[PDB]
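Structure first, then comments.
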Amino acid sequence: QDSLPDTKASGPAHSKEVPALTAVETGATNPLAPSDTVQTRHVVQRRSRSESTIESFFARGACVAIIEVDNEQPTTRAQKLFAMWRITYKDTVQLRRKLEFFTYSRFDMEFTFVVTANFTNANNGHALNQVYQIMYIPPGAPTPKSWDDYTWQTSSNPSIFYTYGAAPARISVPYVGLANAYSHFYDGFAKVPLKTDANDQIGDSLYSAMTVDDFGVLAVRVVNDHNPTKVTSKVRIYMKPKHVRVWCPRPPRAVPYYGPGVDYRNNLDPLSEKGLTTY
Amino acid sequence: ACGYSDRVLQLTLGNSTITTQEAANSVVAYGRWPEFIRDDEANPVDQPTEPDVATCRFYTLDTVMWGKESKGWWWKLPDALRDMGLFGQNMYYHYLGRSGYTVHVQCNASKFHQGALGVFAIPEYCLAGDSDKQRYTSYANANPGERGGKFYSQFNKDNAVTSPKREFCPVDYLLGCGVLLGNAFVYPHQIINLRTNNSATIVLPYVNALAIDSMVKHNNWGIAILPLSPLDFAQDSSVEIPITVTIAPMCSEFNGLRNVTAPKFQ
Amino acid sequence: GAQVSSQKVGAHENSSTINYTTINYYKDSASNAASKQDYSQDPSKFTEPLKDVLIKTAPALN
Amino acid sequence: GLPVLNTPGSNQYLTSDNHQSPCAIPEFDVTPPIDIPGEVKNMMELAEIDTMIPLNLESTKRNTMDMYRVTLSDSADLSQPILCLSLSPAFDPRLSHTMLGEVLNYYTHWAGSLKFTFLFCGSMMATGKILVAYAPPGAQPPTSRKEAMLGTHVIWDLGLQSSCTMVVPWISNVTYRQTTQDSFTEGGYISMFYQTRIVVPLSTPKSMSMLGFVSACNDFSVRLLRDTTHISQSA
Amino acid sequence: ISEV
Amino acid sequence: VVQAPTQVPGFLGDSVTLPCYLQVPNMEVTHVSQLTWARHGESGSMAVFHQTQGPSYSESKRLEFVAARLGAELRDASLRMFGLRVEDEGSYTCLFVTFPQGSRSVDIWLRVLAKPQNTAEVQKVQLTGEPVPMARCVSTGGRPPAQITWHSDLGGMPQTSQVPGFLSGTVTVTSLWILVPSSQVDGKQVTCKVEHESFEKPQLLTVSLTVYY
Ligand SMILES: CCCCCCCCCCCCC/C=C/[C@@H](O)[C@H](N)CO
Ligand SMILES: *C(=O)CCCCCCCCCCCCC
């Protein structure tokens, strides 16, 4: 049973009960129903709010990153034989804005990985099917300096080895926060400048940032040695919050995002023009 | 019959009492009255200090003046009380501190004045900066103490890329943080509409993602007061009336005692 | 360990409570799917967070 | 032919998965166990054993037996700290290679109380009182006894019980701290000062070593397994 | 099994 | 991409800087851009320059960090180690973190020690035959011993004996002297060439002679 309340039949009124008048100064919304101000008939209501529960509002994989990684001969220049992405939902805007209807959240996270590849050169032979390693490096673990150094041994970090052409890879992660809920907004600093500090750099930190490394990084590489032709791949990462609880609602973002904080810069004019008396 | 009204209230905490004869009831944010950390939600293991009446009492901040061109004022908590009697001392002597608050905003005028102030209490009130650099407002500028800050009507970007001011630039219709001011009503709030009331009272529980945190590093609540309808009187063009903010800590407990923190503000 | 629940049926075939079955295969609850059998609550903490909540037929300011 | 539908994740290899697989040597006659002394059930059991702290990592002392010895003497400047150390048990160079620091470096987060035990290795004729302190973070790191004594502290009287334990209580904002250094999850400061001074009679050494030990209390845990930076391999 |  | 030039001597005394330049290409610019330094080094697992927002000193008290931090740049950061003892090598590393691929960098290290000082003294009176007049090339203070070389003007050079190293505070000292025999003139630009391969061109000290009666 999840339907919304029925409309009650109500008739005329001539009385001292005045539900239509109120005082919004108190901070409260007037809980009127149509039968408080008009004559209504009885309606057996069958609509429900099944699709706007917190779980159903977030129950979608949303793209949060596109990581590019190449497989080609290791030259001496800067290449993309492995790539690292600092885990975040703030590199894209659509899931960021839905989470930021709330100040705090607690959820498990499902990651699904879609991998696509293409040739870049008209032809230097071909390539055999590629296997990708996606290694999670938590804050503090050694990060790779080359695509096949010892960190890729992954004895303790979790890795996914994905085979090209297989169904998108997928894993779940528990609520891994250091606090009892994730903070979508943190009004504070990680350091405080003290009067006895030797210089001003010592106590300086970014406004509203918490830890430095946050959740760590995903390091991606193609495990295969290079073919004669170069192959470029992109890994697209989709995040879906599941088993979701959220606290303290907020106005949604109304002007374009400008970085990982709440800063704004342009297009500060979200509303269009409309005459006061134009329908 | 004997005469109790939701317009007339007395608040007593410690050695301080407030009366108002023109209230509009009072808000208890999110329906939660403040409380101490329960054993099953506790995290630091040392015995807390609970100064009780020495810190949980009403402190009145410096009055600000509302004139026809005022755009608004904001304060952060616990920052606005950092120098208030023994609340400030306990805050700086302890690594961790937790507190709820009663906020009472006072503004009387007359039956011939008009105007409406929106008083909003916002958990984690992150404000936007003044420049191209992101998240760059400095600690001393983000924390004005009892002086609070102000809102502006437009984004004035700091351009002295040499000696950047590192200040917030809160634009009023964007609530200082990129959202529309009209939706700020989802936050606990009251309106002081001068024809109706002369005060707003809001009780704030401690809200955070942790049971206790550093009060020096982190502000839990922001208080934003904006003229929803500007001040006006008779036909005079320069009416001004005071706005006074009185706030009392509630259920204060502190953990992690050591030598005192002395922040560098200047 | 099979959980059997009722489906809320939308369109009906010209053929009653139709059920579906779920078994969790992993030890960690983060691996579980969402059950989407979610309860709701009262908006009052946001719509009426007043110390004295008054009835809508009475005056808001007495 | 049971009808099946393959979901995302099919055919991947997650190195932390937990599945069954065919046994390559079936029906093997396994050698049964015997009761060997010394069985371990949890890695936190190893972090609870006191191991000696390399407290002295000065230039000429680090990586020698002298990194474990702190010199106390009857002519020390009584106003100066004997030692100063940050509470970053997996990161501070004095703590990161103790058995406690080596186990925490395979985990990302840590939480709990810690205890520092100091051993006096002077002669029986030497006496002294020492203040060892812990300052929860957020204020100026103690430079004098006067500041150190305002935080958690133990005043040690040297005598027949040779050693003294100071417990650093878990006092934290977050429920778990990071094992790397981060100011958001910083742990505070340990300092030690003379409370009176080392006093010896004639014909007695005027200098002597103090050794220090660290271990976890019974409320300590770690989480999120990760690789350590303490071992590597070159190509 | 457990019907709900 | 990583382009660190730091292979630095490195001068002792001290003090000098330990730089780290990571020039950034160029249309796929890098964040988050925290910078880590790991020593090499009994690393279990810290003597670290880490910089999240505010620069954090992982405890090696003798450090100076100079980067336009708390905001961003990004990182062509310079470090400095004073001081002032030979807390040497070993080696040092410089690793960055990145939103794109770059939670990675390169290990890069070098030298430290120690330049010497020189002066010339010439005596005494010539009663021959047939040794010293006498020019001495003193070389004070250099642990890796400075290769003192006495030469002059003629074939009256093959005669060059050395005071070996009776080392001062951590640092080795020597004295080459000549001898050069007998007889008269002042008068020649007899040049002692003390090297060590630091500074500019090797310490060339030219002198005279004590002629008596
Ligand atoms: C083999 C792949 C493993 C992938 C492991 C990923 C672990 C990290 C999951 C993080 C989910 C992040 C959600 C966001 C939280 C933030 O809002 C707040 N900053 C936390 O206070
Ligand atoms: C409750 O679970 C009662 C038994 C259900 C029997 C059907 C089980 C189908 C296989 C589950 C395997 C899980 C992974 C080994």
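In the structure tokens, the first chain shown is A, the next is B, and so on; residue numbers restart at 1 for each chain, and ligands run from 1 in the order shown.
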Practice task
Using only C-alpha atoms, determine which residues of chain C fall within 9 Å of chain B; present them as an MDAnalysis selection string.
Solution key: chainID C and resid 44:53 60:62
Just the selected residues (C-alpha atoms), exported as a compact mmCIF listing (two decimals), in the first residue's frame, please.
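Everything below was put into again28.txt:
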# COMPACT_ATOMS: atom_id res chain seq x y z
CA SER C 44 7.10 18.35 8.95
CA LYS C 45 10.69 18.74 10.01
CA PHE C 46 10.99 21.02 6.97
CA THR C 47 7.43 22.29 6.46
CA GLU C 48 6.48 22.99 10.09
CA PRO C 49 9.60 23.03 12.36
CA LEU C 50 7.79 25.20 14.94
CA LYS C 51 8.05 24.89 18.69
CA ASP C 52 4.24 25.25 19.08
CA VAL C 53 2.74 23.68 15.91
CA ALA C 60 -1.06 31.45 12.99
CA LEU C 61 -0.48 34.47 15.21
CA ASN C 62 -2.57 34.53 18.35
Handout entry: Within 8 Å of residue A:195 using only C-alpha atoms, minus same-chain residues under 5 positions, as a ChimeraX atom specification
Key = /B:262-264
Deliver the residues from the most recent selection as a file, using C-alpha atoms, as a compact mmCIF listing (two decimals), in the first residue's frame.
# COMPACT_ATOMS: atom_id res chain seq x y z
CA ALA B 262 46.05 31.25 19.16
CA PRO B 263 44.97 31.73 15.49
CA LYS B 264 46.61 34.41 13.41
Practice task
Using only C-alpha atoms, determine which residues of chain F fall within 10 Å of chain A; present them as number ranges by chain.
Solution key: F: 1-3, 25, 31-34, 45, 50-57, 65-72, 95-107
Saved selection, atoms kept: N, CA, C and O atoms, as a compact mmCIF listing (two decimals), in the first residue's frame:
# COMPACT_ATOMS: atom_id res chain seq x y z
N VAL F 1 53.71 15.67 -18.74
CA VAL F 1 54.90 14.76 -18.79
C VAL F 1 55.95 15.18 -17.76
O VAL F 1 55.97 16.33 -17.31
N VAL F 2 56.82 14.25 -17.39
CA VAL F 2 57.86 14.49 -16.39
C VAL F 2 59.20 14.89 -17.03
O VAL F 2 59.76 14.16 -17.84
N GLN F 3 59.69 16.07 -16.65
CA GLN F 3 60.98 16.58 -17.14
C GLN F 3 61.80 17.23 -16.02
O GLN F 3 62.10 18.42 -16.06
N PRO F 25 52.92 20.04 -20.54
CA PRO F 25 52.17 20.09 -21.79
C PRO F 25 50.68 20.14 -21.44
O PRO F 25 50.26 19.39 -20.56
N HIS F 31 45.72 18.64 -12.91
CA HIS F 31 45.37 18.69 -11.49
C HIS F 31 45.21 17.23 -11.08
O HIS F 31 45.19 16.39 -11.97
N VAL F 32 45.09 16.87 -9.80
CA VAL F 32 44.95 17.77 -8.64
C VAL F 32 46.21 18.58 -8.34
O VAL F 32 46.12 19.71 -7.85
N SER F 33 47.36 17.98 -8.62
CA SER F 33 48.68 18.61 -8.45
C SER F 33 49.09 18.82 -6.99
O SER F 33 49.41 19.94 -6.57
N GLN F 34 49.08 17.73 -6.22
CA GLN F 34 49.80 17.69 -4.95
C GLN F 34 51.19 17.14 -5.26
O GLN F 34 51.35 16.32 -6.16
N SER F 45 57.83 5.16 6.47
CA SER F 45 57.89 5.50 5.05
C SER F 45 57.86 7.01 4.83
O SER F 45 57.06 7.52 4.03
N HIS F 50 55.13 16.85 1.33
CA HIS F 50 53.82 16.72 0.72
C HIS F 50 53.02 18.01 0.84
O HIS F 50 53.11 18.72 1.84
N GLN F 51 52.23 18.28 -0.19
CA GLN F 51 51.61 19.58 -0.37
C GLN F 51 50.21 19.41 -0.95
O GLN F 51 50.04 19.36 -2.17
N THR F 52 49.21 19.32 -0.07
CA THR F 52 47.82 19.14 -0.51
C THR F 52 47.16 20.48 -0.82
O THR F 52 46.75 20.73 -1.96
N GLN F 53 47.02 21.32 0.20
CA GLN F 53 46.61 22.71 0.03
C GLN F 53 47.67 23.56 0.72
O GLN F 53 48.40 24.29 0.06
N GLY F 54 47.75 23.44 2.04
CA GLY F 54 48.85 24.03 2.80
C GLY F 54 50.02 23.07 2.83
O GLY F 54 49.83 21.87 3.05
N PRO F 55 51.25 23.58 2.59
CA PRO F 55 52.45 22.74 2.57
C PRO F 55 52.69 22.03 3.91
O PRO F 55 52.78 22.69 4.95
N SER F 56 52.77 20.71 3.86
CA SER F 56 52.94 19.90 5.06
C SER F 56 54.35 19.34 5.17
O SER F 56 54.85 18.67 4.26
N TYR F 57 55.00 19.64 6.30
CA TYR F 57 56.34 19.14 6.59
C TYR F 57 56.26 17.78 7.28
O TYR F 57 56.00 17.71 8.49
N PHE F 65 60.42 24.82 2.07
CA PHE F 65 59.60 24.60 0.88
C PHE F 65 59.21 25.93 0.24
O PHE F 65 58.60 26.78 0.89
N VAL F 66 59.57 26.10 -1.03
CA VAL F 66 59.26 27.33 -1.77
C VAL F 66 58.51 27.08 -3.09
O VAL F 66 59.12 26.96 -4.16
N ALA F 67 57.19 26.99 -2.98
CA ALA F 67 56.30 26.91 -4.13
C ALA F 67 55.11 27.81 -3.88
O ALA F 67 54.71 28.01 -2.73
N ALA F 68 54.55 28.37 -4.95
CA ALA F 68 53.36 29.22 -4.85
C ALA F 68 52.14 28.36 -4.50
O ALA F 68 51.29 28.09 -5.35
N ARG F 69 52.07 27.93 -3.24
CA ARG F 69 51.07 26.96 -2.80
C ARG F 69 49.83 27.61 -2.18
O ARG F 69 49.53 28.77 -2.46
N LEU F 70 49.13 26.84 -1.34
CA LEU F 70 47.76 27.11 -0.86
C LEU F 70 46.74 27.52 -1.94
O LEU F 70 45.53 27.35 -1.76
N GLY F 71 47.24 28.05 -3.06
CA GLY F 71 46.44 28.25 -4.26
C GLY F 71 46.71 27.12 -5.24
O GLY F 71 46.19 26.02 -5.08
N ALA F 72 47.55 27.41 -6.24
CA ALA F 72 48.00 26.43 -7.26
C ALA F 72 49.02 27.09 -8.19
O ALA F 72 49.26 28.30 -8.09
N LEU F 95 57.59 12.91 -6.69
CA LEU F 95 56.38 12.32 -7.28
C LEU F 95 55.13 13.19 -7.14
O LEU F 95 54.84 13.70 -6.06
N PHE F 96 54.39 13.33 -8.24
CA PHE F 96 53.21 14.19 -8.31
C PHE F 96 51.93 13.35 -8.38
O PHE F 96 52.00 12.13 -8.60
N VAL F 97 50.78 13.99 -8.20
CA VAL F 97 49.48 13.34 -8.41
C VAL F 97 48.59 14.14 -9.37
O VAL F 97 48.65 15.37 -9.41
N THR F 98 47.76 13.42 -10.13
CA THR F 98 47.04 14.00 -11.27
C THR F 98 45.65 13.37 -11.47
O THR F 98 45.47 12.17 -11.23
N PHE F 99 44.68 14.18 -11.89
CA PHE F 99 43.33 13.73 -12.25
C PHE F 99 43.38 12.87 -13.52
O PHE F 99 42.90 11.73 -13.50
N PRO F 100 43.95 13.40 -14.63
CA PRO F 100 44.41 12.50 -15.70
C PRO F 100 45.53 11.58 -15.20
O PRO F 100 45.79 11.52 -14.00
N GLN F 101 46.18 10.86 -16.11
CA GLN F 101 47.26 9.95 -15.72
C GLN F 101 48.50 10.74 -15.30
O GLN F 101 49.11 11.45 -16.10
N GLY F 102 48.87 10.60 -14.02
CA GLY F 102 50.05 11.28 -13.49
C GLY F 102 50.23 11.17 -11.98
O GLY F 102 50.87 12.02 -11.37
N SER F 103 49.67 10.11 -11.40
CA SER F 103 49.91 9.78 -10.00
C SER F 103 51.23 9.01 -9.96
O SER F 103 51.29 7.84 -9.57
N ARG F 104 52.28 9.72 -10.36
CA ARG F 104 53.52 9.12 -10.85
C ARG F 104 54.52 10.23 -11.12
O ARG F 104 54.14 11.39 -11.35
N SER F 105 55.81 9.88 -11.10
CA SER F 105 56.88 10.73 -11.63
C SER F 105 58.21 9.97 -11.75
O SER F 105 58.24 8.85 -12.26
N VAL F 106 59.29 10.59 -11.30
CA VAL F 106 60.63 10.02 -11.45
C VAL F 106 61.54 10.30 -10.24
O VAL F 106 61.49 11.38 -9.64
N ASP F 107 62.36 9.31 -9.90
CA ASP F 107 63.40 9.46 -8.88
C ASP F 107 64.61 10.17 -9.48
O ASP F 107 65.04 9.84 -10.59
Practice task
Write down, as a ChimeraX atom specification, each residue of chain D that has any atom within 12 Å of an atom of chain C, counting only C-alpha atoms.
Solution key: /D:17-19
Practice task
Counting only C-alpha atoms and all ligand atoms, name the residues that have an atom within 10 Å of an atom of ligand 2; the answer should be given as a ChimeraX atom specification.
Solution key: /C:1-3,22-27 /D:19-20 /E:1-2
With N, CA and C atoms retained, write the just-selected residues as a PDB file, in the first residue's frame.
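So selection.pdb came out as:
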ATOM      1  N   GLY C   1      17.552 -19.229   1.393  1.00  0.00           N
ATOM      2  CA  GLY C   1      17.895 -17.822   1.516  1.00  0.00           C
ATOM      3  C   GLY C   1      17.170 -17.005   0.456  1.00  0.00           C
ATOM      4  N   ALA C   2      16.213 -17.589  -0.288  1.00  0.00           N
ATOM      5  CA  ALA C   2      15.492 -16.864  -1.313  1.00  0.00           C
ATOM      6  C   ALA C   2      14.488 -15.981  -0.624  1.00  0.00           C
ATOM      7  N   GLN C   3      14.389 -14.748  -1.014  1.00  0.00           N
ATOM      8  CA  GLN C   3      13.433 -13.824  -0.481  1.00  0.00           C
ATOM      9  C   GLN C   3      12.348 -13.772  -1.549  1.00  0.00           C
ATOM     10  N   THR C  22      14.637 -13.277  -4.983  1.00  0.00           N
ATOM     11  CA  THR C  22      15.972 -12.704  -4.886  1.00  0.00           C
ATOM     12  C   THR C  22      16.845 -13.580  -4.003  1.00  0.00           C
ATOM     13  N   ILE C  23      18.115 -13.812  -4.346  1.00  0.00           N
ATOM     14  CA  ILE C  23      19.050 -14.540  -3.507  1.00  0.00           C
ATOM     15  C   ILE C  23      20.287 -13.657  -3.530  1.00  0.00           C
ATOM     16  N   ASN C  24      20.927 -13.405  -2.406  1.00  0.00           N
ATOM     17  CA  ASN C  24      22.152 -12.635  -2.396  1.00  0.00           C
ATOM     18  C   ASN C  24      23.274 -13.619  -2.550  1.00  0.00           C
ATOM     19  N   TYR C  25      24.197 -13.346  -3.451  1.00  0.00           N
ATOM     20  CA  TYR C  25      25.268 -14.277  -3.691  1.00  0.00           C
ATOM     21  C   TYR C  25      26.564 -13.877  -3.022  1.00  0.00           C
ATOM     22  N   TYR C  26      26.668 -12.699  -2.393  1.00  0.00           N
ATOM     23  CA  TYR C  26      27.933 -12.238  -1.874  1.00  0.00           C
ATOM     24  C   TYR C  26      27.813 -11.961  -0.395  1.00  0.00           C
ATOM     25  N   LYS C  27      28.925 -12.119   0.304  1.00  0.00           N
ATOM     26  CA  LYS C  27      28.972 -11.874   1.722  1.00  0.00           C
ATOM     27  C   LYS C  27      28.888 -10.402   2.071  1.00  0.00           C
TER      28      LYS C  27
ATOM     29  N   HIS D  19      35.917 -16.512  -5.176  1.00  0.00           N
ATOM     30  CA  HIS D  19      35.114 -17.505  -5.862  1.00  0.00           C
ATOM     31  C   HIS D  19      35.778 -18.867  -5.815  1.00  0.00           C
ATOM     32  N   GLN D  20      35.025 -19.888  -6.209  1.00  0.00           N
ATOM     33  CA  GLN D  20      35.500 -21.251  -6.278  1.00  0.00           C
ATOM     34  C   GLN D  20      36.167 -21.466  -7.623  1.00  0.00           C
TER      35      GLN D  20
ATOM     36  N   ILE E   1      13.410 -20.212   2.242  1.00  0.00           N
ATOM     37  CA  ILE E   1      12.958 -18.989   1.553  1.00  0.00           C
ATOM     38  C   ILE E   1      12.157 -18.132   2.558  1.00  0.00           C
ATOM     39  N   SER E   2      11.905 -16.853   2.237  1.00  0.00           N
ATOM     40  CA  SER E   2      11.076 -16.006   3.089  1.00  0.00           C
ATOM     41  C   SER E   2      10.274 -15.014   2.236  1.00  0.00           C
TER      42      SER E   2
END
Exercise for the section: Would you please work out which residue, of D:114, D:14, D:40, D:72, is nearest to ligand 1 when using only C-alpha atoms and all ligand atoms? Expected result: D:14
Exercise for the section: All residues within 9 Å of ligand 1 are required, counting only C-alpha atoms and all ligand atoms; please report them as an NGL selection string. Expected result: (:A and (87-89 or 99 or 104-111 or 134-138 or 157-160 or 170-179 or 181-186 or 209-211 or 214-218 or 239 or 241)) or (:B and (209)) or (:D and (14-16))
Exercise for the section: Would you list, as number ranges by chain, the residues of stretch 48-261 of chain B that end up in strand (DSSP E) under DSSP run on this structure's backbone? Expected result: B: 59-60, 64-67, 73-77, 94-106, 113-123, 149-150, 189-193, 199-204, 221-233, 240-257
Problem - Nearby residues (only C-alpha atoms) at most 12 Å from residue A:96, same-chain spacing under 3 positions excluded, as a list in words - result: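 In the requested format, the answer is residues 58, 62, 63, 64, 88, 89, 90, 91, 92, 93, 99, 100, 101, 102, 103, 184, 185, 239, 240, 241, 252, 253, 256, 257, 259, 260, 261 and 262 of chain A.
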Per-residue nearest contacts of chain B to chain D (7 Å; only C-alpha atoms) as CSV:
residue,atom,partner,partner_atom,distance
B:43,CA,D:175,CA,6.9
B:44,CA,D:171,CA,4.4
B:45,CA,D:170,CA,6.1
B:46,CA,D:169,CA,7.0
B:95,CA,D:136,CA,6.1
B:96,CA,D:173,CA,6.8
B:210,CA,D:174,CA,6.8
B:212,CA,D:173,CA,6.0
B:213,CA,D:173,CA,4.6
B:214,CA,D:173,CA,6.7
B:256,CA,D:136,CA,5.9
B:257,CA,D:151,CA,5.8
B:258,CA,D:151,CA,3.7
B:259,CA,D:150,CA,5.3
B:260,CA,D:139,CA,6.2
B:261,CA,D:139,CA,4.3
B:262,CA,D:139,CA,6.9
Who sits within 10 Å of residue D:92, only C-alpha atoms, same chain under 4 positions skipped, as a CSV table (one decimal) with N, CA and C atoms, in the first residue's frame:
chain,number,residue,atom,x,y,z
D,85,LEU,N,58.0,14.6,18.7
D,85,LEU,CA,57.6,13.6,17.7
D,85,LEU,C,56.2,13.8,17.3
D,86,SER,N,55.7,13.7,16.1
D,86,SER,CA,54.4,13.8,15.7
D,86,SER,C,53.6,12.5,15.8
D,87,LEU,N,52.3,12.5,16.2
D,87,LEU,CA,51.6,11.3,16.2
D,87,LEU,C,51.0,10.9,14.8
D,88,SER,N,51.9,10.4,14.0
D,88,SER,CA,51.6,9.9,12.7
D,88,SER,C,52.2,8.5,12.7
D,96,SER,N,57.2,5.0,11.7
D,96,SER,CA,56.8,4.2,10.5
D,96,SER,C,57.4,2.8,10.4
D,97,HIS,N,58.6,2.6,10.9
D,97,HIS,CA,59.2,1.3,10.8
D,97,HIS,C,59.2,0.4,12.0
D,101,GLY,N,54.1,0.5,13.0
D,101,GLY,CA,54.1,1.3,11.7
D,101,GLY,C,54.2,0.4,10.5
D,179,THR,N,46.7,6.8,7.2
D,179,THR,CA,48.0,6.5,7.5
D,179,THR,C,49.0,7.4,6.8
D,180,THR,N,48.8,8.0,5.7
D,180,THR,CA,49.7,9.1,5.2
D,180,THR,C,49.6,10.3,6.0
D,181,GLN,N,50.5,11.3,5.8
D,181,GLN,CA,50.4,12.5,6.6
D,181,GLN,C,49.3,13.4,5.9
F,44,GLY,N,60.5,4.1,5.6
F,44,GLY,CA,59.4,3.3,6.1
F,44,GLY,C,58.5,4.2,7.0
F,45,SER,N,57.8,5.2,6.5
F,45,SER,CA,57.9,5.5,5.0
F,45,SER,C,57.9,7.0,4.8
F,46,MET,N,58.7,7.7,5.5
F,46,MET,CA,58.7,9.2,5.5
F,46,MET,C,60.0,10.0,5.8
F,47,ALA,N,60.2,11.0,5.0
F,47,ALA,CA,61.0,12.2,5.2
F,47,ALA,C,60.5,13.2,4.1
F,48,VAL,N,59.2,13.5,4.2
F,48,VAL,CA,58.5,13.8,3.0
F,48,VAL,C,58.1,15.3,2.9
F,58,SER,N,56.5,16.7,6.5
F,58,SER,CA,56.6,15.4,7.1
F,58,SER,C,58.0,15.4,7.7
F,59,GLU,N,58.1,15.0,9.0
F,59,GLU,CA,59.1,15.5,9.9
F,59,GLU,C,60.6,15.2,9.6
F,60,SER,N,61.2,16.1,8.9
F,60,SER,CA,62.6,16.3,8.8
F,60,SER,C,62.8,17.8,9.0
Problem - Interatomic distance (Å, one decimal) between atom CA of residue C:34 and atom CA of residue D:2 - result: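 Rounded to one decimal, the two atoms are 25.3 Å apart.
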Practice task
For each of A:119, A:258, A:247, A:279, take the minimum atom-to-atom distance to chain C, counting only C-alpha atoms, then give the residue where this is smallest.
Solution key: A:247
Residues of chain D that have any atom at most 9 Å from an atom of chain F: could you tabulate them with the shortest-distance atom pair and the distance in Å to one decimal, using only C-alpha atoms, ordered by chain and increasing number, as a Markdown table?
| residue | atom | partner | partner_atom | distance |
| --- | --- | --- | --- | --- |
| D:58 | CA | F:87 | CA | 8.4 |
| D:59 | CA | F:87 | CA | 5.5 |
| D:60 | CA | F:87 | CA | 8.3 |
| D:62 | CA | F:42 | CA | 8.7 |
| D:63 | CA | F:42 | CA | 7.8 |
| D:85 | CA | F:59 | CA | 8.1 |
| D:86 | CA | F:59 | CA | 7.7 |
| D:90 | CA | F:45 | CA | 7.1 |
| D:91 | CA | F:46 | CA | 5.4 |
| D:92 | CA | F:46 | CA | 5.9 |
| D:93 | CA | F:46 | CA | 5.1 |
| D:94 | CA | F:46 | CA | 8.9 |
| D:95 | CA | F:44 | CA | 8.5 |
| D:96 | CA | F:44 | CA | 5.2 |
| D:97 | CA | F:44 | CA | 5.1 |
| D:98 | CA | F:44 | CA | 8.8 |
| D:101 | CA | F:44 | CA | 8.0 |
| D:102 | CA | F:44 | CA | 7.4 |
| D:105 | CA | F:45 | CA | 8.0 |
| D:180 | CA | F:45 | CA | 9.0 |
| D:181 | CA | F:58 | CA | 6.9 |
| D:182 | CA | F:56 | CA | 7.6 |
| D:183 | CA | F:56 | CA | 7.4 |
| D:228 | CA | F:45 | CA | 8.5 |
| D:229 | CA | F:45 | CA | 6.3 |
| D:230 | CA | F:44 | CA | 5.1 |
| D:231 | CA | F:44 | CA | 8.7 |
Exercise for the section: Find the residues near stretch 263-278 of chain A: any atom within 10 Å, counting only C-alpha atoms, skip ones fewer than 5 places away on the same chain, and give them as an MDAnalysis selection string. Expected result: (chainID A and resid 254:258) or (chainID B and resid 126:136 154:157 168:171 173:174 176:180)
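Atom pair atom CA of residue F:118 / atom CA of residue F:139: separated by 4.8 Å.
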Exercise for the section: For residue C:4, list every protein, DNA or RNA residue within 6 Å, evaluated using only C-alpha atoms, and leave out those in the same chain fewer than 2 positions away; present the list as a count of residues only. Expected result: 4
Completion exercise
chain E proximity check over C:57, C:16, C:32, C:6, using only C-alpha atoms: winner is C:6
